[PDB]
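One structure below.
Residue numbers (the deposited numbering): 82 to 116, 121 to 308, 465 to 517, 527 to 632, 636 to 674, 677 to 786.
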């Protein structure tokens, strides 16, 4: 069974094939050297097989995807060019946040630094400290031009036990060496795949996932600036006045507040899980552990088995499949029921240095594990089982983004992004799949404020909350409060423009602000896959 190595140059001045040559050369075997993008090589020197993947370096997602399947990631650093904040640095961060196995840093490049040798070494040392910043396990950064440093790296790749990646190792996966098709019906056929099994294995009675194609059945197994400023302005509004609603004299409160219900305090909410065909799960923690135990047991092809895998595959997709020795063709097992949609909950924290606002309900993409979906999330905070909906992702804390997507039964890392011609993509967030839990109720608050201005001992009279008597009358029965902590109730309508009379606990002043609080139940939205 081969160790999967992928080479990731963190600077565009580095040629990935140069790193490969230097690594291969320090095995005295000119029968390796003469030998488009994914290579199987024997190392008769450490008696080891390596499968070396060079991603398409001009596609961020392809990079991420080669790194997923990797046992070792070899990072190329540059002696003369700085790592780019917007590209290579982001590769480092995306690589860790999605889950990375083992990793080693190299320079293929030192001689390009045309300065005294104390200087060159101190550039290496500075690369070692930039690297240690992200990968503390990694003291040294290996000079691939010094033979004995090249040999070190090679020996490690061949012999050292790889680190593990939870989400991908608790499902099965395979990197395809050969891919061929076979007709069986007019509309479809068998996509035949050859590779070594990794992970927990495969069972023919299960589904299989190919990015970016979808889920498939197994037959058998053989051995721009405009939108920004508007969202920015709404973010500022919601920020200064949450969750205020300002009625105008012209409009109807009955019609504006149409889906809202009376509710002061959020711990007193007694909404059921009623109606606005999804999977619902008793306890997520337990069934997760049942499913993984189950699939491990029922597996028929086990890590290290050479496999011929027949996948029920439609013909119109054949056009999109490209050479498995040039781009990566990988196949991930799905666990029981990961095909089925459910009310799902991720966690989410802004990316480093991400300024732009990220509002609820807006098209965003998640990668979680290997899957990628366009979701429309509802944000809220970390109680009594109901949570305050927040219209915008808060500034500097972790939130819960809930929606309807297919369940994940590892607890895959999550990375959130939009497309944006940067590196054709815009990285906005990161977190992990927490949950299927349709008991999480999302409630959106609305605050109406009014000004008390006449005081007859017991009775205050208030204006500019409502602007029509018939609005005052519709909402008569919702409790009032003041930000100073008093509690109240509307007595009667007063006049014709929404003045009302209200009685309260204590005495109020004309500095006091009286308010009314309403909540609207917020329903998780559906999502669809992304390619």
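For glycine and all other residues, C-beta sits at the position ideal for the given N, C-alpha and C.
Taking only the alpha-carbon atoms, compute the straight-line gap between residue 89 and residue 121 and give it to the nearest angstrom.
-> 16 angstroms
Based on Cα-Cα distance, which residue from 289, 135, 174 and 193 lies nearest to residue 98?
-> 193
How big is the Cα-Cα spacing for residue 104 and residue 205?
-> 21 angstroms
Residue 669 versus residue 626 - alpha carbon distance = 11 angstroms
Within its chain, find whatever has a CB closer than 6 angstroms to the CB of residue 108; leave out the 5 residues flanking it on each side and keep chain order.
-> 128 and 130
Look at the alpha carbon of residue 531 and the alpha carbon of residue 184, and state the distance between them as a whole number of angstroms.
-> Rounded to whole angstroms, residue 531 to residue 184 spans 26 angstroms at the Cα level.
Since residue 288 contacts residue 548 with CB under 8 angstroms, what's their CB separation in whole angstroms?
-> Here residue 288 really is in contact with residue 548; their C-beta atoms are around 5 angstroms apart, less than 8 angstroms.
What do you reckon, are the CB atoms on residue 785 and residue 683 nearer than 9 angstroms?
-> no
Which value, in whole angstroms, describes the spacing of the CA atoms of residue 201 and residue 93?
-> 25 angstroms
In whole angstroms, what separates the C-alpha of residue 254 from that of residue 152?
-> 14 angstroms
Residue 152 - containing alpha helix (DSSP H), residue span = 145-153
Check whether the region 538-555 touches the region 214-232, taking contact to mean three or more Cβ pairs, one atom from each stretch, closer than 8 angstroms.
-> no
Taking the beta strand (DSSP E) that residue 659 falls in, what are its first and last residues?
-> Counting along the chain, residue 659 sits inside the beta strand (DSSP E) bounded by residues 652-659.
From the DSSP output, in three-state form, read off residue 165 for me.
-> Residue state for residue 165 is assigned as coil, using DSSP reduced to three classes.
Less than 9 angstroms separating the beta-carbons of residue 665 and residue 718?
-> No, they are not a contact pair.
Is residue 584 buried or exposed, if buried means 16 or more other CB atoms sit within 10 Å of its CB?
-> Buried, because 16 or more other Cβ atoms sit within 10 Å of the Cβ of residue 584.
Quick one: any contact between the region 768-782 and the region 748-755, if contact means 3 or more CB pairs under 8 angstroms?
-> The way I'd put it, the region 768-782 doesn't touch the region 748-755; fewer than three beta-carbon pairs between them come closer than 8 angstroms.
Go to residue 268, then tell me how far its alpha helix (DSSP H) extends in each direction, as first and last residue.
-> Taken as a continuous stretch (DSSP letters only), residue 268 belongs to no alpha helix (DSSP H), being part of the beta strand (DSSP E) at 263-268.
Using the C-alpha atoms, what's the distance from residue 498 back to residue 764?
-> So the alpha carbons of these two residues sit roughly 28 angstroms apart.
Who are residue 275's beta bridge partners in DSSP?
-> 267 and 562.
Taking C-beta to C-beta, are residue 239 and residue 84 nearer than 9 angstroms?
-> no
If you run the structure through DSSP and keep just helix, strand and coil, what is residue 554?
-> coil
With residue 475 as the anchor, note down where its alpha helix (DSSP H) starts and where it stops.
-> 466-481
Distance between beta carbons of residue 591 and residue 529, contact taken as under 8 angstroms | Confirmed, about 7 angstroms.
Cα-Cα separation, residue 484 to residue 657 | The C-alpha of residue 484 lies about 25 angstroms from the C-alpha of residue 657.
To the nearest angstrom, report how far apart residue 582 and residue 637 are at their CA atoms.
-> 38 angstroms
Assess, as a yes-or-no matter, whether the region 255-263 is touched by the region 282-300 under the definition of 3 or more beta carbon pairs within less than 8 angstroms.
-> yes
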